[PDB]
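Asks: Pasting an experimental structure, sequence included:
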Amino acid sequence: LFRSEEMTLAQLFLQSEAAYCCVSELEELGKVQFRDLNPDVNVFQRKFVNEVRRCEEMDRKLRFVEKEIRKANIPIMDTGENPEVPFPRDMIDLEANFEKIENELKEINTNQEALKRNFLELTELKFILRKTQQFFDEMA
Amino acid sequence: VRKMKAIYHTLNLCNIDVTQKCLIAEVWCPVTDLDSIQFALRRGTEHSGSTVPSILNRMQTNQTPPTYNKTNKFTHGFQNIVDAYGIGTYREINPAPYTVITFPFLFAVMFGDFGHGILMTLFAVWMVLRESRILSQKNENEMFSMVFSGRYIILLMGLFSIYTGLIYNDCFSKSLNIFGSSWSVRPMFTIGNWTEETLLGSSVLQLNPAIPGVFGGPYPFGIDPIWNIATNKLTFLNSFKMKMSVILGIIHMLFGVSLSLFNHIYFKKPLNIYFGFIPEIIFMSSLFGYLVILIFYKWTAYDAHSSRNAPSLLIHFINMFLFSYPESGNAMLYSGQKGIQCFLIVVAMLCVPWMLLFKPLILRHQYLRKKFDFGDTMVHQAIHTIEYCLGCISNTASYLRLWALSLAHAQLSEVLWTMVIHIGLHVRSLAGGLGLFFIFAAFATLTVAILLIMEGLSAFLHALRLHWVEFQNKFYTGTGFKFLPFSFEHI
Amino acid sequence: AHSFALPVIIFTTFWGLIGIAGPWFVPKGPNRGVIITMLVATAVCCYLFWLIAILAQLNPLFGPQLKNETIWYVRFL
Amino acid sequence: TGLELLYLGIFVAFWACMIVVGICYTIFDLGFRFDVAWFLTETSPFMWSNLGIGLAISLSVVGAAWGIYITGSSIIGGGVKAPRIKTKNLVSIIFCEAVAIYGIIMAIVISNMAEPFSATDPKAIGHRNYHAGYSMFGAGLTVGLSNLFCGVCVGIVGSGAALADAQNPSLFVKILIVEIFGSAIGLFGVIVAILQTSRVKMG
Amino acid sequence: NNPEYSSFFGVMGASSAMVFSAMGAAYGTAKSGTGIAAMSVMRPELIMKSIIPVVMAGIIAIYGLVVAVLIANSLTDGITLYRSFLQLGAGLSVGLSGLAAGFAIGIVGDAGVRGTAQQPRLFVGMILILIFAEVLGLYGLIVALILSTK
Amino acid sequence: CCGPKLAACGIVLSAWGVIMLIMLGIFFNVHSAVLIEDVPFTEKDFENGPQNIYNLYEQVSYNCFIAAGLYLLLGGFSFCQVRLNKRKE
């Protein structure tokens, strides 16, 4: 009601491995801004840079798969239990393996597309041949 | 992967200590949710570790808090229209909830045509009744998304448009006669010797007769329908709308400035309260409340048979009392008015700008006696003072805008009626009504297109501008970071 | 020719009730601030608009031009 | 550039014809025929008054339009990379629009002093009327031209400041003074427009 | 005493009120159509999203038409030469106001159409600027209406 | 095609029409002095008396009722079409 809603700041103590679980739980709760404390990072001092790189690679793989699916005109209906659970570190490897199998299928599809390009060149040759069947009248 | 990326981004923002394996993260959380935050630690102390607490850090250096005050139900739509500026500045925020109705977004009609208000209310009510399936189903277009976000404001603005049409007594530019109409003609002509104009009035005095004899008495609710079916409608409506303009704008801007007094007493600062805003209110009152009181006095202290020598003179005193009125004037010079005018000019124009000066230097002297950049402080104060003193007049003039929309909408409705419906209703009933379906459908399409939406959108944004230039640019100033929790916005 | 004391009294009474009727709190549940501000603002604004219109209609300095050419028609009314 | 050539040709031809007809009139001892007094007298003051009103509002509105478009194009161009400027800069736009307002209210005041005549001859009937008509036409021209020119200046300055805001957002407050100076210059124009028609009787 | 050629001024007042507003609306429509055609080559879904500058030009033309219709309906044979100059002044004022409003509408509508093709978040802000254009033309209309009586 | 948008527009326009022409017909039956300019007038009726004015008022009112009648007719037709389209699936 009143337009004050005092915010105030706080410190969040953590642990080594407990930090991931606590942060995931808070993200599920989602009531904190987490103002940055280290400005001199520039990604180079991001500590978990490799995890961010893995996330970026997974995002690129997902984007490519989604673009291929949209080209295939396939719905993305995923209603139901959407926020299942924050991803644990160990299962990330299995998810990446499944995505790699999907990428292998996509690579097979790309090879098929190259073969289709060759077949389309053959079809263009066939059309030029169809024209040559009528050019015999022009030869006279 | 989005959750993992957010977690690792936060960890990057978080800091790592060398004394232990623990991590310290600065957290912006509400006071009410603090317990829930502890509950998160309760999850931490249960499965993964046991030493993950959280402690309120109550310091004063920086720590500019986010707003996070935008916590409300459907009425949050109002906030979005206010959220075009990003209030911030902690608890100073005093935006929509104080205004809501008296805001320039519910008097955002000034076009109430009874029927137009009922149409807007019907559309918004049907849409609110269907909001369940509307949100359940896919969106149509971004404009539809904006209308869906605004449905509540649309409906309540429709109600206020209905009320404004009722008080204006202009239903589709055609007035409504309820519980009498005042005025008459037989008393005006028989007593006034203007009789024997049955056909002579249709031959000699075309559009001539306009005289009040033994008459008077206003409509108990609104404006008499006789003013609508007359031809001096333009002049009387113009004067009435301009005077309503002045009174409404002055009271609105007065309320806007008055809110700043509470805004500042909350944030201590007695020097500004006793030196910066008292001059503003004093000047604003002495220059505009006088005009309002003069308008009311002119309205009340005269009668039909009281015009000075000339028959009507309309008003003749609204504008000749300008913002300076150097000398002479003559006309209306009721005793004491010259003295009151001179006193108001000297207290307002000569004194208020002069005392609005100084400010922190007054403390600086004491500071200089104890053992701040004077230049920037005084130049910023000077620019703010000139901006406000010119902006009082500028916003008083700019408050006149919505009334132009009012007049234009009234004329558009009247001309549309007289050009389509007046043509559609005539003699030879069979021929006059066989095609009435097409003409009336054209009427419906035109009323929807140019009046309901086009002019409706014009007023919709006009009133928002009146909000954001003078209404709310009086009590709250500044910007601040909005809320930003981990809501998993990615579905 | 309409009386003015009775309409102004009745409308002032009604708008005053709806304005100062918030101390009589119906919900006393949720926020309750937006609703009281809404009621007070609506009452004050509507009363101000109605009073402005009726005061403008009071004391008609100049009479309307009944230029309909149907003065003989309105004479019956 | 053909339009410019046509306009210059019309200008030079008309001015050459005017100077040659003036020299012919003064050479041929035919000065009495070239009567400016008869032109300013037999001409109806109503045309002067109404033309003054129309110009007073029209120049104001078209100068405001010049300003608003010359600043809106700048805003939309410079707001692609920084959407936040799409609304915050609007404080420099309303000026131009408010400048147009300085016309309509003005256009009322002069129009507040218009009366019919019911007279045709110019001898001793219309002297004060002549002065009133000419004075109000002059005031209308003054307000219209000054308001248009201040509107275009304010729009130019607002576009400049808006493009300045695209890089550092902290200089808008330091730069707000120029456009309010322009608006004050428009206020001077409106003030003298008020004073010119302050004491004039029409009838 | 009715002077001759009195209706001439009112007739050209109505003609100018119609014609100048028509020209302004036409210019706005042309500029905004060019902008829409330029933008539609890459964002086909955003065609009906920003067709509104065309309807804004239509609104300006509507203002011109209503002022012209009112002036023409106020026209009589025996104009006292005091009403005719009033009608002419109102017509010229509203006509040039509509011309300027159409000018601004066209230019800003083209700019905003290109911007909303490039940046989707810029549309609503453009709205404000664009709407102000109509207001200017609107002023002509109102300054005509008061000029229709006094 | 009888699209849902077309059927909805027809239904809402028909409802709009029926309510407005019914209220026009009522206001003509009472012969309110506001729509007098709208009502057709001939100079030969000025001296005849209010009886002729009321007669032509009744005639234009009856015109309005029959107009609302075919408005109700086409609204019912649109309702039938939309109901058939809905029940087809």
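Replies: That came through, no problem. Numbers count the residues shown, from 1 in each chain, chains lettered A, B, ... in the order given.

Asks: which SSE is residue 38 in?
Replies: Assuming you mean chain A. Assigned by DSSP states H and E, residue A:38 falls within no helix or strand.

Asks: sorry, should have said chain D
Replies: Here residue D:38, judged by DSSP H and E, is contained in helix D:36-42.

Asks: same check, this time on residue B:24
Replies: Using DSSP H and E, residue B:24 falls in strand B:23-28.

Asks: Need the nearest residue in space to the residue in chain F positioned nearest to chain D, chain neighbours excluded.
Replies: Among the residues of chain F, residue F:37 lies nearest to chain D; the distance is 26.7 Å by C-beta to the nearest C-beta. Quick note: C-beta positions are derived from backbone N, CA and C, even for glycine. In space, and not counting its chain neighbours, residue F:37 is closest to residue C:68: 6.2 Å by C-beta to C-beta, 6 or more residues apart in numbering or on different chains.

Asks: Just confirm the one you found contacts residue C:77, I think it does.
Replies: No: counting by C-beta atoms under 8 Å, residue C:68 does not reach residue C:77; the two are 11.7 Å apart.

Asks: check whether stretch D:141-156 contacts chain E.
Replies: No: using C-beta under 8 Å from any C-beta of the partner chain, we find that stretch D:141-156 stays clear of chain E, coming within 9.7 Å at best.

Asks: same deal with stretch B:224-236?
Replies: Yes: for stretch B:224-236, a contact with chain E is found by C-beta under 8 Å from any C-beta, at B:232, B:234, B:235.

Asks: repeat for stretch B:131-138
Replies: No: Stretch B:131-138 lies apart from chain E when judged by C-beta under 8 Å from any C-beta; the minimum separation is 14.0 Å.

Asks: mind listing what's buried in that stretch?
Replies: Residues of stretch B:131-138 classed as buried: residue B:134 (neighbour count, 16 or more other C-beta atoms under 10 Å in any protein chain shown).

Asks: then that stretch to PDB, C-alphas only?
Replies: What follows is stretch B:131-138, C-alpha atoms only, in PDB (Å, rounded to 0.1, in the frame of the first residue of the first chain):
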ATOM      1  CA  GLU B 131      -9.300 -12.300 -20.100                       C
ATOM      2  CA  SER B 132      -9.000 -15.900 -19.000                       C
ATOM      3  CA  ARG B 133      -9.100 -17.400 -22.500                       C
ATOM      4  CA  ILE B 134      -7.300 -14.300 -23.900                       C
ATOM      5  CA  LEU B 135      -4.200 -15.000 -21.800                       C
ATOM      6  CA  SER B 136      -4.600 -18.700 -22.200                       C
ATOM      7  CA  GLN B 137      -4.700 -18.300 -25.900                       C
ATOM      8  CA  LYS B 138      -1.800 -17.000 -28.000                       C
END
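
Asks: need the residues of chain E near chain B, please.
Replies: By C-beta under 8 Å from any C-beta, the residues of chain E that approach chain B are E:48-49, E:55, E:59, E:62-63, E:66, E:69-70, E:120, E:123-124, E:127-128, E:131, E:134-135, E:138-139, E:141-142, E:145-146, E:148-150.

Asks: ChimeraX command for the buried members of those residues?
Replies: Buried members of the residues of chain E next to chain B, defined by 16+ other C-beta under 10 Å, are picked up in ChimeraX with:
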select /E:49,55,59,62,63,66,69,70,123,127,128,131,134,135,138,139,141,142,145,146,148,149
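
Asks: Tell me which of the residues of chain E next to chain B fall in helices.
Replies: Counting by DSSP state H, the part of the residues of chain E next to chain B found in helices is E:55, E:59, E:62-63, E:66, E:69-70, E:123-124, E:127-128, E:131, E:134-135, E:138-139, E:141-142, E:145-146.

Asks: among those, which are within reach of chain A?
Replies: Checking those against chain A by C-beta under 8 Å from any C-beta, not one of them is in range.

Asks: and the longest helix that chain C contains, what does it pack onto?
Replies: The longest helix of chain C (DSSP H) is helix C:33-57. Applying 3 or more C-beta pairs under 8 Å, 6 or more residues apart in numbering or on different chains; DSSP states H and E, one finds that helix C:33-57 contacts helix B:96-99, helix B:142-168, helix B:233-266, helix B:290-300, helix C:5-19.

Asks: Tell me which of the ones you listed lies nearest to chain A.
Replies: Across those, closest to chain A is helix B:96-99 (C-beta to the nearest C-beta), at 6.0 Å.

Asks: What are the buried residues along the helix or strand that comes right after the closest one?
Replies: Next in sequence after helix B:96-99, counting helices and strands by DSSP H and E, comes helix B:115-129. Neighbour-count burial for helix B:115-129, counted by 16+ other C-beta under 10 Å, picks out B:115, B:116, B:117, B:118, B:119, B:120, B:121, B:123, B:124, B:127, B:128.

Asks: Let me have these in CSV, adding distance to chain A as columns.
Replies: Shown next, in CSV, are the buried residues of helix B:115-129 (distance: C-beta to the nearest C-beta, whole Å):
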residue, distance to chain A
B:115, 37
B:116, 33
B:117, 30
B:118, 32
B:119, 34
B:120, 29
B:121, 27
B:123, 30
B:124, 25
B:127, 24
B:128, 24
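
Asks: Which pair in these has the greatest spatial separation?
Replies: Greatest spatial distance among the buried residues of helix B:115-129 (C-beta to C-beta): B:115 and B:128, at 20.1 Å.

Asks: which ones are touching the residue in chain C that chain D sits nearest to?
Replies: Going by C-beta to the nearest C-beta, chain D is nearest to residue C:62 of chain C, at 15.1 Å. By C-beta atoms under 8 Å, 6 or more residues apart in numbering or on different chains, the residues touching residue C:62 are B:210, B:212, B:232, B:235, B:236, B:304, B:307, B:311, B:312, B:314.

Asks: neighbours around the third one, how many?
Replies: Residue B:232: 18 surrounding residues under other C-beta atoms under 10 Å in any protein chain shown.

Asks: sec struct for the spatially closest residue to it that is not a sequence neighbour, please.
Replies: Sequence neighbours aside, residue C:65 is the residue nearest to residue B:232 in space, at 4.2 Å (criterion: C-beta to C-beta, 6+ apart). With DSSP: H, G, I helix; E, B strand; the rest coil as the basis, residue C:65 sits in coil.
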